[PDB]
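1. what follows is a protein structure lacking sequence information:
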RNA sequence: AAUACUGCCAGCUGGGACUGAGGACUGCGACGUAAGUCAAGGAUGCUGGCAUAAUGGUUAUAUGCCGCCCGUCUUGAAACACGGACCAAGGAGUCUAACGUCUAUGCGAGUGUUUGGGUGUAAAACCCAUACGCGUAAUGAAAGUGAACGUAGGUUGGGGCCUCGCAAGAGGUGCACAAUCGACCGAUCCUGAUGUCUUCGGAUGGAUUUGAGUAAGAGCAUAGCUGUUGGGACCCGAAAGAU
RNA sequence: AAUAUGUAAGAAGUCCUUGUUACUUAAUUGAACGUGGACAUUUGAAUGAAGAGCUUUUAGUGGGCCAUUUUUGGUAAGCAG
């Protein structure tokens, strides 16, 4: 609020926290990103390197639906099965009765392999997958099939 | 100095423990007797100002 | 059956034996003061009888008093004054004479008046103005209990144990002198004896070595 | 609470210094030295006195 | 006037009290200030000084971090004390039986500890069962894993993230960042 | 409420005082004050009067009587700091001053009721003054001119300096 | 032999000044055979006067000494630098969007109800679904690829805990954090395995390379101070320009 | 020369034995990093430490001037540097 600002504490003091010599003006260094190559060059070289220049090729008409690929790691793969069935599926690891995980149903496009699923056979439906994610799923006894 | 301190510590295990490992600075001199046989103190005076040119 | 006499008589017995061992310590330290003084007198007289000259031993201890204020001090003198804990005017401390400490006194010489303190000067100083640095505080000494609490590991059981370790500079001088706070001395009572302080004592001023007249200066400041 | 000076206030001076009662009774600050008749040497005396 | 070797009237720079107006936190400070003063054990001093800590200085401690702490040899029967919150973790699939003394527990963390046979106790329950800190093990969360820390010390040849809204190409990937356009960092 | 409340209320009881370590040691007088010396009163009703010092009372005061036949000062107590001891002395070997003390010089029993809004010598005071004067006069007259000295009054003249005038 | 001078006394003693802080006891000590007393962790005892303008306060004046007229710009202001005849009222770092650090709070690998819907005592409050935002994964220009050899590694330091230990201290565990050597992931470069639509694939291994990475998550939302940017942007002020 | 200035004055160190290397050597040679073992009167000069170290954030400032000493241009300057 206004009563906890320093403007109320600066009542009486002449420059209101801005200095006698400096004489707080409208825009003494410019406006906005003014002089990022001339007189704020040191700021734009120290704190924001990479500001000036055309890197990369232009991608005309970008839609993020094409780049829709949220990633689910293997340690977060077992979050998908709900807790009412999670303990019944972790215990009694059965090849015949394996939990299927519709990873796309929650909205993860690609399964990655950050590691250490328990040694259970688990059915994984994927749009994409990595090599190490499949090898750890193969090591646990599960299978990955692809959906679209 | 490390080799001397290790050797002095090795000998201090046998005899002369607390063998003064640390360096001491130039301590002020203890009291001494200055005899005067053959050393009668010759008196000195300031020299007069001589131009020496 | 109430635990009154069961701890008061034991504490009074402990205080009586602590006072008895301090009494014989002060008796032992007293008797070595006259022997170390009278043999020095007798060594001078024996050398005079033998036709020689007795060089007395150089003084192991200086008492150094800051006489000039905290303004307009160059940084190399200012660091040494802080290292000797002379932070204000008429702040005194004891400095063990070595070659390292001698060139320190040569470097802050226009700001301090140092000399060789006598036993009477030291014991009057620590009785009147001796304060102990215990947990970064100036607790005044005022009994041998806090001397034993903070200097009992070095064998200093009393203020006279502390006095003897100062005048006869022993192996626990660094611990004992750092325990003593810098002496907040007053201005001298009869003045400084000079019209102008900031010349050398040889040049009729106040700073520098006044070798045995630091007793006349500090007995007036105390 | 209040600092009391030693070398006055003899009860504080006797709270410190258990030797102070013996020092006051035996007068050890004003002790007479032993009389002796050692004479300085002539070589020291004439060096001091010459010219 | 004296030679000021340091700054006079300088505050210690540490918290002597929590900045919060939490009455229940101040009760725990009141209990542990008594415990730090009246016990010679330094466990109560550390817990009190950690109770003062702010939200960025009390990071969350996962139950996987509890499990890694109990995985140390000789610390299986120890009680793990978090002065701060405890969150659960889907990375682990078997939390061992233990008693955990934390300020707050998330509902997943309460489920993970209780269903594993263990119990979630508070810091005053800690004070009752262990005033000097018998067989305890204080666990601290990763302080410098915060997203605000990777922007700290930003400069040339530092390997720090610049402060930037939109991460991608055309946003700080040009001169000053690669050798093709002028210079690289 | 015009003023809400003070939450911290200071306690209404008074703490007892600490046991003070001050004993009332007896007063040592000046060396020039011997019982039987003559004093000059420096203040009061009898400024400059020469009086005979008789007894040091236990009040720390001084029982004086310049003889009432001589100078008109009665048997009264004064203060040691408000008198000046002259080097000459009188004889008090044969005078009874044993029954003069603090309660002898008590003024009156004072209450709050009988307070004098607007405004007699005791017969016992006159008679003991007489029997003190009978002993005191018999040695005053044995030396010349001392009776004239006590009846006179001291005064500082022009040019005399009390830092060098021996009294 | 004295005496001067210098120095010492845990020597005595006189006179003066200022201070009386604390408010049961504890403690140290001294004297006394003990009992107790005391100059011993800060003043008590006795006495007198007045009880009101006595003391004190305010105010005016006088006297002694000091004291340049404030604000601002300035290296420097009392300035022969500028503003100010006086008085009353008004009058100048505010709000928003996006954020940064810090702090508080709630929930916490999630978080955020308030776009909307239902309801309501009706712009309030209450309740709610789907998405979406940010976070949980980075890296590359991009195609793409995408984070455990190990008790998530080793070394050094490391609070705290455990064991031994009359007590120092010695071992074991060592969270956070700091430094470093690795390992893994992406990019660059190099060698190129089974294979094969014989031109695709890229296994394995490596580097004076590189990243805003991983290496048992820390974020989201709200609130506040401070700071930034855009806006009139602390207030006021142009010469101008255009319609 | 004086003054000023760099380094060192140890437990992260010293000594002895034997482990790794794709480095090095003629070599089971050295280098680096080690594993074990011995290292109080003072753990290896003096004095001090008044807490030490680290991190964030941001204000103001970025017109200076004077004095001793050294010193430049100038005849000199309450000159300029």
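-> Here it is on my side, so go on. Numbering: from 1, shown residues only, chains lettered A, B, ... in the order given.
2. check whether stretch A:1-18 contacts chain E.
-> No. Using Cβ under 8 Å from any Cβ of the partner chain, stretch A:1-18 stays clear of chain E, coming no nearer than 14.8 Å. All C-beta spots, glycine's among them, are computed from the backbone N, C-alpha and C.
3. and the contacts of that stretch?
-> Contacts to stretch A:1-18, defined as Cβ atoms under 8 Å, 6 or more residues apart in numbering or on different chains, come from residues A:20, A:23, A:24.
4. nearest to chain D, out of those residues: which one, please.
-> Ranked by distance to chain D (Cβ to the nearest Cβ), the contacts of stretch A:1-18 are led by residue A:20 at 48.8 Å.
5. give the contact list for the closest one.
-> Contacts of residue A:20 by Cβ under 8 Å, 6+ apart are residue A:14.
6. could you say which helix or strand holds it?
-> Here residue A:20 is covered by no helix or strand, with elements defined by DSSP states H and E.
7. roughly how far apart are it and residue C:131?
-> According to Cβ to Cβ, to the nearest Å, residue A:20 and residue C:131 sit 45 Å apart.
8. if you skip the residues just before and after it, what's nearest to the residue in chain D positioned nearest to chain E?
-> Across chain D, no residue is closer to chain E than residue D:3, which sits at 20.6 Å (Cβ to the nearest Cβ). Excluding the flanking residues, the one nearest residue D:3 by Cβ to Cβ, 6 or more residues apart in numbering or on different chains is residue C:140, at 5.1 Å.
9. how about the residue positioned nearest the centre of chain B: what's its closest non-neighbour residue?
-> The centroid of chain B falls nearest to residue B:29 when counting by Cα atoms, centre = their mean (6.4 Å). Spatial nearest neighbour of residue B:29, excluding adjacent residues (Cβ to Cβ, 6+ apart): residue C:58 at 5.3 Å.
10. just want the most central residue of chain D.
-> residue D:29 (4.4 Å).
11. coming back round to it: ok, the residue nearest to residue B:29 - contacts?
-> Applying Cβ under 8 Å, 6+ apart, the residues near residue C:58 are B:28, B:29, B:30, C:97.
12. same deal with residue E:80?
-> Going by Cβ under 8 Å, 6+ apart, residue E:80 touches E:66, E:69, E:70, E:98, E:99, E:100, E:101, E:136, E:137, E:139.
13. of the contacts of residue C:58, buried ones?
-> B:28, C:97 (16 or more other Cβ atoms under 10 Å in any protein chain shown).
14. turn the contacts of residue C:58 into CSV, columns for secondary structure and distance to RNA strand G.
-> Output for the contacts of residue C:58, formatted as CSV (DSSP: H, G, I helix; E, B strand; the rest coil; distance: Cβ to the nearest atom of the strand, whole Å):
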residue, secondary structure, distance to RNA strand G
B:28, coil, 22
B:29, coil, 24
B:30, coil, 23
C:97, coil, 20
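15. what's the farthest-apart pair in the contacts of residue C:58?
-> In the contacts of residue C:58, the most distant members under the criterion Cβ to Cβ are B:30 and C:97, with 12.5 Å between them.
16. just read off the phi/psi values of residue 30.
-> If you meant another chain, say so; for now it's chain A. Here is the backbone geometry of residue A:30 (degrees, to the nearest 10): phi 120, psi -170.
17. relative to RNA strand H, how far out is it?
-> Distance, residue A:30 to RNA strand H, by Cβ to the nearest atom of the strand, to the nearest Å: 13 Å.
18. and for residue C:99, the neighbour number?
-> 12 (other Cβ atoms under 10 Å in any protein chain shown).
19. identify the residues contacting it.
-> Counted by Cβ under 8 Å, 6+ apart, residue C:99 has contacts B:25, B:26, B:27.
20. closest one of the residues you listed to residue C:37?
-> Within the contacts of residue C:99, the smallest distance to residue C:37 is 21.5 Å, found for residue B:27 (Cβ to Cβ).
21. surely the closest one touches residue C:101?
-> No. Residue B:27 is beyond contact range of residue C:101, at 10.8 Å (criterion: Cβ atoms under 8 Å).
22. so the two - more neighbours on which side?
-> residue C:101 (15 against 12).
23. now do the same contact list for residue 23.
-> Assuming you mean chain A. residue A:15.
24. my question was about chain C
-> D:18, D:19, D:22.
25. what's the helix or strand for it?
-> Going by DSSP H and E, residue C:23 is part of helix C:5-49.
26. that helix near RNA strand G anywhere?
-> Yes. Using Cβ under 7 Å from any atom of the strand, helix C:5-49 reaches RNA strand G at C:8, C:11, C:12, C:15, C:16, C:18, C:19, C:26, C:30.
27. how about the residues you listed in CSV, adding neighbour count and distance to chain B?
-> CSV is the format used below for the residues of helix C:5-49 next to RNA strand G (neighbours: other Cβ atoms under 10 Å in any protein chain shown; distance: Cβ to the nearest Cβ, whole Å):
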residue, neighbour count, distance to chain B
C:8, 10, 42
C:11, 9, 36
C:12, 11, 38
C:15, 12, 34
C:16, 9, 34
C:18, 16, 28
C:19, 14, 32
C:26, 23, 26
C:30, 16, 22
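28. residue F:131 reaches residue F:98, doesn't it?
-> No. Using Cβ under 8 Å, residue F:131 is not in contact with residue F:98, being 12.0 Å away.
29. those two: who's more crowded?
-> Taking other Cβ under 10 Å, residue F:131 and residue F:98 do not tie; residue F:131 has more neighbours (11 against 7).
30. do a quick rundown of the strands in chain B.
-> B:32-34 (DSSP state E).
31. return the residues of it in contact with chain C.
-> Counting by Cβ under 8 Å from any Cβ, chain B sits next to chain C at B:24-37.
32. tell me, how many residues neighbour residue A:68?
-> So residue A:68, with other Cβ under 10 Å, has 10 neighbours.
33. OK, contacts around the nearest residue to it once chain neighbours are set aside?
-> Nearest residue to residue A:68, sequence neighbours excluded (Cβ to Cβ, 6+ apart): residue A:109, at 6.0 Å. Contacts for residue A:109 (Cβ under 8 Å, 6+ apart) come out as A:68, A:69, A:70, A:71, A:127, A:128.
34. near RNA strand H too, which of those?
-> Applying Cβ under 7 Å from any atom of the strand to the contacts of residue A:109, none is adjacent to RNA strand H.
35. return the member of those nearest to residue C:157.
-> residue A:71 (74.4 Å).
36. that closest one is in contact with residue A:113, isn't it?
-> No. Using Cβ under 8 Å, residue A:71 is not in contact with residue A:113; the gap is 10.1 Å.
37. more neighbours: which of these two?
-> Using other Cβ under 10 Å as the criterion, residue A:71 and residue A:113 rank with residue A:113 on top: 19 against 14.
38. for residue F:41, name its beta-bridge partners.
-> residue F:83 (DSSP bridges).
39. wait, isn't it in contact with residue F:78?
-> Yes. Taking contacts as Cβ under 8 Å, residue F:41 lies within contact range of residue F:78: 6.1 Å.
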